[PDB]
> 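This is the structure I want to talk about, given as structure tokens.
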Amino acid sequence: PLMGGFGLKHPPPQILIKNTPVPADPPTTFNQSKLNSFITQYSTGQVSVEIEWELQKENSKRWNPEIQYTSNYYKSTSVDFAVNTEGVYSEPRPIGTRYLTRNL
Amino acid sequence: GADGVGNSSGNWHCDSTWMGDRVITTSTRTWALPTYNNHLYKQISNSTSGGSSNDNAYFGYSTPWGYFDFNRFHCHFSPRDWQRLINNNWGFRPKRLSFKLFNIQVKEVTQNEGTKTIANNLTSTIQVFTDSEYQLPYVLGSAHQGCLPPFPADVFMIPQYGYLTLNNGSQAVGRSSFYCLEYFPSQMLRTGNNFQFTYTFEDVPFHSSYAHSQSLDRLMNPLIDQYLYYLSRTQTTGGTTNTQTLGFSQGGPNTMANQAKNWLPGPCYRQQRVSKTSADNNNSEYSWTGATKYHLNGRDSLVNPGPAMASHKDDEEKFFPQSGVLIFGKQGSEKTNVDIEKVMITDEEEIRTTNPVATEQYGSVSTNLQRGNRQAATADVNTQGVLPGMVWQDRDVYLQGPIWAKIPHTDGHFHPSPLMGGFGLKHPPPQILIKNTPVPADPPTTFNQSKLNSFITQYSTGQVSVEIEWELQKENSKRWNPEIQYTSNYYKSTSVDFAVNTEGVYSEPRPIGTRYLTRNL
Amino acid sequence: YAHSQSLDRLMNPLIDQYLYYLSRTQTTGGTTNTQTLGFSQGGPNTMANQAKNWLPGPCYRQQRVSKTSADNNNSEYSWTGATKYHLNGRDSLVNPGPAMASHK
Ligand SMILES: [Mg+2]
Ligand SMILES: [Mg+2]
Ligand SMILES: [Mg+2]
């Protein structure tokens with residue numbers, strides 16, 4: 001896929017969810033029209049997702065040190081990839097995957 | 001099944017499964033059931049609803065029960081599944097049914113100071129039973145509203161059960177019967193409970209989901225003469241003084257109308273012809289006076305749709321028999337005196353190969369004995385009962401039409417194919433009756449013998465699933481050329497047919513019959 | 001046994017049909033009445049117009065005779081007004097004939 005990632009013919013399927021309609025009180029005389037009065041509802045719960053990933057370990061025979069992703073050592077008002085004083089979490093930068101090197 | 005308040009008693013099952021010679025349809029819907037008649041049984045008649053004519057007089061009872069109706073093909077077949085059925089099969093019939101009620105919720109309604117409060121009444125019951133021994137008047141089979149909706153996302157209300165017995169005007173007679181539905185065993189369900197029922201259909205003929213590619217009057221070899229003769233001449237030709245003679249000829253390729261044949265077209269009960277273009281019709285009120293009727297115990301009923309007859313002859317598509325075809329309403333069409341553009345008039349032209357045209361005579365018969373001073377006289381036959389050697393096709397079924405009817409419990413019942421179309425069953429899917437059990441409000445603290453008339457306001461809701469297994473007769477067309485098939489139209493549209501619009505309303509834009517494929521006669 | 005229902009009264013008396021019938025052929029109101037086509041759904045007050053599945057049994061019409069002699073015609077019609085079949089040049093009375101109800 002051009003945005004990056006894994007192209008799958010048979011990807012993780014779409015998981016669809018809805019609240020079942022609960023009709024409000026119907027009239028006491030029959031009417032053929034579909035019901036349009038429902039009790040106002042929402043749902044909440046927890047969701048868990050577990051993914052197993054396979055790794056290809058680095059086997060660098062290079063003599064000199066490599067580039068590594070590192071947090072910056074210096075003093076900051078906030079720590080990167082944490083919450084601020086108001087409880088808002090932020091991701092301050094994009095992090096790619098190409099730090100290690102290999103020959104062609 | 002039996003479980004707790006926080007556990008679901010069933011899952012959503014909507015889909016069709018196509019196998020070798022079988023299709024299993026499954027639809028699930030959400031319903032709502034009010035308390036009907038404030039828990040009472042009531043005597044009703046034409047004098048209780050108003051009263052006008054003896055033709056419309058009745059006597060019966062309204063009950064506090066509701067019932068389930070899924071006696072329409074669209075309760076089971078999606079339009080796509082209907083297309084798959086009709087384009088590929090020469091016949092089908094129902095085999096078995098499974099019915100389930102689950103995820104029952106009983107709700108209490110409190111009306112104080114204009115405030116609308118709806119709460120769960122976890123300890124209240126509904127009552128459900130099946131009339132498996134056909135001990136109650138059977139009202140399924142009378143093309144009533146209240147069916148499972150065609151669109152799975154639509155929520156519906158269950159219709160109220162009522163029935164008729166014998167009347168003399170607005171009055172009862174000694175033979176009139178009263179039925180109490182609480183005089184039956186019924187299952188009682190709370191919110192954790194579910195209901196299930198299974199049924200097997202009796203052996204019924206396959207519906208003929210094809211049209212004939214031959215007509216009854218054109219079964220001969222068009223290259224060969226007959227060995228049989230017909231009377232072709234009764235008077236001498238040529239000269240000045242024409243005299244009596246008897247000349248005989250053999251029917252052949254250019255005299256197919258005179259050929260000896262083995263069979264006769266199906267029976268007739270003539271209907272008036274109405275044009276879909278108002279200007280071509282007579283300027284009078286003939287909806288009743290010009291109507292084809294039956295007369296039973298002093299009252300007239302319309303013959304509607306009546307015997308299966310063809311709607312019109314070749315190049316006469318604008319004409320229909322007055323009450324000889326099924327007429328469906330377009331989405332949202334009203335009950336009374338709606339315009340032609342609000343209805344969908346079915347067309348049974350495909351059966352004109354064996355069945356007479358509804359609006360024409362069956363034929364002509366001799367009415368006298370011709371001689372020297374008396375000329376041969378004939379008359380039109382406008383009613384023709386069955387004759388040996390007659391053949392016919394029954395009325396087609398439609399996606400939005402009925403499936404079955406109960407064959408009346410009678411001594412005689414000739415070719416008991418229900419006239420609205422479908423399957424005639426002596427022992428049809430039983431009536432499934434449902435009601436909310438009355439829950440009395442606080443009684444007085446001093447005994448009083450009077451029946452209680454103060455109840456807590458309740459309704460119920462839940463899901464219903466219906467599964468039908470159908471048997472198919474696959475098309476085995478040895479024809480060389482392509483056949484007719486039902487197809488959606490290829491061109492650009494504001495909306496797609498058999499879908500929802502911008503407001504979420506589902507509509508069925510046309511009737512869809514079953515006779516696309518063809519076969520020889 | 002006798003039937004406690006009639007063939008023309010098998011419907012549910014509380015519910016309308018989904019099917020329509022031709023209820024109007026001429027405009028109502030005004031001075032100049034013209035051709036129209038109006039359709040209605042049969043219901044509790046129009047049972048006579050409802051779509052039905054069945055038909056009453058066969059008929060071979062008989063003359064009506066009153067048990068009170070004064071209500072009948074002053075002629076000899078025991079034979080001339082009789083319902084008959086014709087077989088090989090002779091007439092036979094249809095007696096009692098097809099099962100039909102005696103009176104309304
Ligand atoms: Mg329906
Ligand atoms: Mg046509
Ligand atoms: Mg019976």
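Values below: every heavy atom of this structure, side chains too, minus hydrogens, waters and symmetry copies. Just so it is clear: chains get the letters A, B, ... in the order the sequence lines come, proteins before strands, and each one is counted from 1.
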> I need the C:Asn49 CG to C:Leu19 CG distance, nearest 0.5 Å.
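One gets 13.0 Å once the value is rounded to the nearest 0.5 Å.
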> On a heavy-atom basis, which atom in B:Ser311 and which in B:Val325 lie closest, and how many Å separate them?
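Shortest heavy-atom contact: OG-CG1, 3.2 Å.
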> So, for B:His409 and C:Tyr1, is the gap between ring centers shorter than 6.0 Å?
yes
> So how far is it from B:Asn355 CG to B:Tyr362 OH, rounded to the nearest 0.5 Å?
10.0 Å
> Are any of the side-chain nitrogens in B:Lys313 or B:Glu360 under 4.0 Å away from the carboxylate oxygens of its partner?
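Salt bridge between B:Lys313 and B:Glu360, a charged N being under 4.0 Å from a carboxylate O: yes.
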> When you check the side-chain N and O atoms of C:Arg90 and C:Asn88, is any donor under 3.5 Å from an acceptor?
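No, C:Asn88 and C:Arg90 have no side-chain donor paired with an acceptor closer than 3.5 Å.
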> Cut-off 3.5 Å, side chains only: do B:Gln473 and B:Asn89 have a donor facing an acceptor?
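Judged by distance alone, the side chains do not pair up.
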> Please tell me whether B:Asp394 and B:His207 have a donor and an acceptor in their side chains that are separated by less than 3.5 angstrom.
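Side-chain D/A pair, B:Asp394 to B:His207: absent.
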> Mind checking the CD-CG spacing from C:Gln62 to C:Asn95? Nearest 0.5 Å is all I need.
8.0 Å
> Do any N or O atoms from the side chain of B:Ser323 and from the backbone of B:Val303 form a donor-acceptor pair under 3.5 angstrom?
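Yes, because the side chain of B:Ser323 sits within donor-acceptor range (under 3.5 Å) of the backbone of B:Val303.
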> Using distance alone, with no hydrogens and no angle criterion, decide if B:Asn46 and B:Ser170 have a side-chain donor and acceptor under 3.5 Å apart.
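Side chains of B:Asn46 and B:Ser170: no pair found under 3.5 Å.
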> Give me the ring orientation class for B:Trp90 and B:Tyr210: parallel if the planes are under 30° apart, tilted from 30 to 60°, perpendicular past 60°.
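If you compare the ring of B:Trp90 with that of B:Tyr210, the planes turn out perpendicular.
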> Is there a donor-acceptor contact under 3.5 Å from the side chain of B:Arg233 to the main chain of B:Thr236?
no
> For the residue pair B:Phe423 and B:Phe92, does the interplanar ring angle fall in the parallel (under 30°), tilted (30 to 60°) or perpendicular (over 60°) class?
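Ring orientation, 0 to 90° scale: perpendicular.
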> Measure the spacing between OG1 of C:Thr36 and CD of C:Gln26 and express it to the nearest 0.5 Å.
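Rounded to the nearest 0.5 Å, the OG1-CD separation comes to 10.0 Å.
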> Quick one, C:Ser23 with B:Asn337, criterion side-chain hydrogen bond (donor to acceptor under 3.5 Å, both in side chains). Give me CA distance, side-chain angles, the key distance, then yes/no.
CA-CA 6 Å; C:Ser23 54; B:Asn337 295 133; 2.7 Å; yes
> Quick one: CD on C:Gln17 to NE2 on B:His144, what's the gap to the nearest 0.5 Å?
6.0 Å
> Using distance alone, with no hydrogens and no angle criterion, decide if C:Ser75 and C:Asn73 have a side-chain donor and acceptor under 3.5 Å apart.
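Note: C:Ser75 and C:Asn73 side chains meet the donor-acceptor criterion.
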> To the nearest 0.5 Å, what is the distance between OG1 (B:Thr354) and CZ (B:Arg352)?
12.0 Å
> Please check if the side chain of B:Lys330 supplies one atom and the backbone of B:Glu341 the other of a donor-acceptor pair under 3.5 Å.
yes
> Is the backbone N or O of C:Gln50 less than 3.5 Å from a side-chain atom of C:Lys52, with the two atoms forming a donor-acceptor pair by type?
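A pair under 3.5 Å: yes.
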> Return yes if a side-chain donor-acceptor contact under 3.5 Å exists between B:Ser208 and B:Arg515, otherwise no.
yes
> Got a sec: does the NZ of B:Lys342 have more than 12 other heavy atoms crowding it under 6.0 Å?
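No, not enclosed.
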> Ignoring hydrogens, what is the shortest heavy-atom contact between C:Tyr18 and B:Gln400? Give both atom names and the distance.
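Heavy atoms of C:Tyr18 and B:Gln400 come nearest at CE1-O, 4.0 Å.
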